[PDB]
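Below you'll find only one chain, the form deposited without the ligand, shown as structure tokens.
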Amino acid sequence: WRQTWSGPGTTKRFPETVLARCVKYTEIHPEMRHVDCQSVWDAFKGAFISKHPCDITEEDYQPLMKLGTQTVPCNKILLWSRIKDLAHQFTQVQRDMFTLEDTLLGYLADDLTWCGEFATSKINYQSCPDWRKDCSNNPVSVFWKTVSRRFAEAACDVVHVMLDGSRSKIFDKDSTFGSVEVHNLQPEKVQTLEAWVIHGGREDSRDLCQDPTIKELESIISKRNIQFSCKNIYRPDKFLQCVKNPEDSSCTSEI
């Protein structure tokens, strides 16, 4: 494509939403606060505005990255693939742990789409490049690849990952988790990757840690000199309660 793209266009009211959610985040998290929300939006708009939405690079986002620097405890990181709801619910109940989307930068961009045009200097609300059909180097795809690499690269000690046990590929080598995150876990820093395979909750009494795609993930991590551990969440409807109440006798019966 050239000016007409295959993907949804910039989220309606994008500029207001970014600034709005930047203020809510910087009030609620004073350890930052030094941050100027008008300044971060300038750095974010600057990354893609008046640029060709198929020629965007990591460097375009460096301004934004510097303004959004945040050290998250490296030992409290949760990665996730396809099971977005339970991942974020988990960090809402276990409030010392973080997903990418609980950081300032991840929080700004979550569920939003954005792109510009080669010169019009306007935001394109009509359409934006689709990763598959249009081009991989688009404002949205390049943003998530850059923040996701940094997030995984910082992780230390025990890193957790939540996977969707109801997908045909529980571990997907072509996901951001499979492509970027797993190859940026440093064995000098990381002792263990521990996977949680969330069952669809109906009937899947199978040990999904023996799934061939989990065996593939295990081999990748093992070759990085990191310990791979894997457990099943058979009852997602009881998971949050059991994490907070590990001495409840209805939780321990799962051994």
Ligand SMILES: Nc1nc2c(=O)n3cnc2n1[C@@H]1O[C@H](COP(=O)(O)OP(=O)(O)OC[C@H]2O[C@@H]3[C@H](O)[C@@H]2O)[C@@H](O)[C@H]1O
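Quick note: we count residues from 1 along the sequence shown, nothing fancier.
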Between 219-227 and 188-196 (mean CA B-factor, as deposited), the higher
219-227
Take the C-alpha B-factors listed in the entry for 233-241 and for 17-25, compute each mean, and give the stretch with the larger one.
17-25
Which of these has the highest Cα B-factor in the record: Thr71, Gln94, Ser179, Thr146?
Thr71
Sorting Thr99, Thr120, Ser166, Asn137 by Cα temperature factor from the record, which one lands on top?
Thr120
Where does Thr113 sit by CA temperature factor within its chain: lowest, middle or highest third?
middle
How does the C-alpha B factor of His88 compare with the rest of the chain: lowest, middle or highest third?
lowest
Among the chain's modelled residues, which third holds the C-alpha B-factor of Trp80?
lowest
Taking the chain's C-alpha temperature factors as the reference, tell me which third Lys173 falls into: lowest, middle or highest.
middle
Assert third(CA B-factor, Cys209) within chain per record equals lowest
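Omitted from view is the form solved in complex with the ligand, to which the following refers.
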Would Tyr125 count as touching the ligand in the deposited complex under a 4.5 Å heavy atom rule?
no
Hey, in the deposited complex, is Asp96 touching the ligand, heavy atoms inside 4.5 Å?
no
If we define contact as a non-hydrogen atom of the residue within 4.5 angstroms of the partner, is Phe90 a contact of the ligand in the deposited complex?
no
Please determine whether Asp110 contacts the ligand in the deposited complex, using a 4.5 Å cut-off between heavy atoms.
yes
